[PDB]
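Single chain ahead, by itself, as C-alpha cells, in the form deposited without this ligand.
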C-alpha cells in the first residue's frame, strides 16, 4: 500500500535555502538555553518550561492546548500537562512532530537531560519560528493539511520502567483523542479515501524525536508502514551532502545519520500508545543510544553543535517538503 499523500520532492531552490543556517544559530541556542534546566514532573522549573513553550507558540499565532490531568505513580499522585500546538485547527490532517519535555528524576543528582529531550524540544520550537512565514502562508491554502507539535509530559519512569510507570502523558492523550469522536463531514478538506472516526485518525503521521544532540547518531526505519516517509529523510540528508551543506570535521566526508536499512530493534517510547491505535510512526531516535543516556553526563557541554545544526537542516527541509512550503 502506497502513502496516502503524494510526496513532491523539494525544489533545489528550497533545498538550498533550508540548508544554510548562518548566525539562526544564536536563535536556536537562545531557545535551547531555556530547556537546559532540570524539568522534573511537578516542579517550578518544569512549569516554567511549559509556560515558555506555550507563550512561544501562542506568540506565533498557533492554537495551543494544555492537556492537564493528575495521575498515580510510584511516588504518589502527580500533576501532568501535555502541550499540543496546532498551526491550523480546522485542517483535517496533521503532520505531527513530538518529543517529551519532562526530565528524568535521577537518583544520583540533578539531571539536565540535554539530549533527552531538551534538544528535540528546542528543535520543535526552532522549526516553528524559523519556518513561521512559510507556515503562515501554507495555512491559508485550504488544503486540509497542517503541522501539529506535541510536547508530552511524564514520558520518563519514576522508578523502574514498566507499562504502568512511564509514558503518562502519551497514554493519556492517545486514549482521549481515541475517544473524541468526529467525522470527515465536520473537518476542512480531508483526503478522498480517508476514514475519520475520532481525533486520533487525524494524525497523518507522528514523527517522534528523542535522544538527539550527541555526535554521529544512527537512525533506521523502525516501521515498514512509514518507510515512504522515512525514505524522504534519507533523500534529504543525501541532497544536503551533495550540496556541501552539512558541517563535517574534514573535507570530502558525508553524514550518514539516516541509514537506508531497517533494524530489528523495538524501542518503547511516546509513540507506542499511538501505534496501538494505528497512527503511523516515524521514530527519530538513535540506535544505539548515546553513551551519556540517563547519566549525569547528559549535559550541555556534551552536545555536539555541528550534528545539531545538520539535524536542524534535515528537519526544516523535511517539514518544507511534506507541507510543500
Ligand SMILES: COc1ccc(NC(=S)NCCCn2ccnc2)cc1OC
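Note that the rigid core is defined as the largest set of C-alphas that superpose within 1.5 Å between two forms. Numbering follows the first chain given and starts at 1.
(message) Do the Cα atoms of 269 to 277 or of 52 to 60 sit farther, on average, from the shown structure in 9 other deposited structures of this protein when the rigid core is superposed?
(response) Between 269 to 277 and 52 to 60, the one lying farther away in 9 other deposited structures of this protein is 269 to 277.
(request) Give, as the answer, the stretch of 258 to 266 and 37 to 45 that departs more from the shown form in 9 other deposited structures of this protein; the measure is RMS Cα distance after a core fit. (result) Greater root mean square C-alpha distance in 9 other deposited structures of this protein: 258 to 266.
(message) I want to verify a possible break: how many residues of the deposited sequence sit between residue 23 and residue 24 without any coordinates (none, 1 to 3, 4 to 9, 10 or more)?
(response) Going from residue 23 to residue 24, the model skips 1 to 3 residues of the deposited sequence.
(message) Please compare 190 to 198 with 121 to 129 and say which has the higher mean C-alpha temperature factor in the record.
(response) Comparing 190 to 198 with 121 to 129, the higher mean C-alpha B-factor belongs to 190 to 198.
(message) Mean Cα B factor from the PDB record: higher for 260 to 268, or higher for 30 to 38?
(response) According to the PDB entry, the answer is 260 to 268.
(message) Checking the record values for 116, 180, 204, 237, which has the greatest CA B factor?
(response) Going by the entry's C-alpha B-factors, 180 comes out highest.
(request) Go through 103, 162, 146, 137 one by one and give the residue whose Cα B-factor in the PDB entry is largest. (result) Comparing C-alpha B-factors across 103, 162, 146, 137, the top value belongs to 162.
(request) Within this chain's modelled residues, let me know which third the CA B factor of residue 253 belongs to: lowest, middle or highest. (result) Top third by C-alpha B-factor.
(request) State the tercile, meaning the lowest, middle or highest third, of residue 293 with respect to the CA B-factors recorded for its chain. (result) Residue 293: CA B-factor falls in the lowest third of its chain.
(request) Taking the values exactly as deposited, rank residue 72 by C-alpha B-factor within its chain and report the matching third: lowest, middle or highest. (result) As the PDB entry reports it, the C-alpha B-factor of residue 72 lands in the highest third of its chain.
(request) Name the third of the chain's ranked CA B-factors that contains residue 53, choosing lowest, middle or highest. (result) Within its chain, residue 53 is a lowest-third residue by C-alpha B-factor, going by the deposited values.
(request) For residue 275, return the chain-relative third of its C-alpha B-factor as stated in the PDB record: lowest, middle or highest. (result) Answer is highest: the recorded C-alpha B-factor places it there.
The protein also exists as the form deposited with this ligand bound; that form is not presented, and the subsequent description refers to it.
(message) Can you check whether the pocket is open or blocked when this ligand is overlaid onto this chain using its placement in the entry with it bound? Blocked = 3+ ligand atoms within 2.4 Å of backbone or C-beta.
(response) After C-alpha superposition the pocket is open.
(message) Does this ligand, in the entry with it bound, lie within 4.5 angstroms of each residue among 177, 201 and 281, using heavy atoms as the measure?
(response) Not one of the three qualifies.
(request) Spell out, yes or no, whether the shortest heavy atom distance between residue 153 and this ligand in the entry with it bound is within 4.5 Å. (result) Judged by the heavy-atom cut-off of 4.5 Å, residue 153 is well away from this ligand in the entry with it bound.
(message) Since only the chain is shown here, I'm wondering whether residue 294 would be in contact with this ligand in the entry with it bound (any heavy atom pair within 4.5 Å).
(response) Residue 294: contacts this ligand in the entry with it bound.
(message) Within 4.5 Å, heavy atoms only: does residue 37 come near this ligand in the entry with it bound?
(response) It does not: once this ligand is placed as it appears in the entry with it bound, residue 37 has no heavy atom within 4.5 Å of it.
(request) State yes or no: in the entry with it bound, is some non-hydrogen atom of residue 268 no more than 4.5 angstroms from a non-hydrogen atom of this ligand? (result) Contact with this ligand, yes.
(request) Heavy atom within 4.5 Å of this ligand in the entry with it bound: which of 289, 69, 52, 257 fits that? Just give me the one. (result) Going through each option in turn, the one that passes is 289.
(request) Mind telling me which stretch in 88 to 96, 142 to 150, 203 to 211, 239 to 247 gets its heavy atoms within 4.5 Å of this ligand in the entry with it bound? (result) That would be stretch 203 to 211.
(request) Could you list the residues in 161 to 189 that come within 4.5 Å of this ligand in the entry with it bound, counting only heavy atoms and keeping sequence order? (result) The stretch 161 to 189, when checked against this ligand in the entry with it bound, contributes only 161 at the 4.5 Å heavy-atom cut-off.
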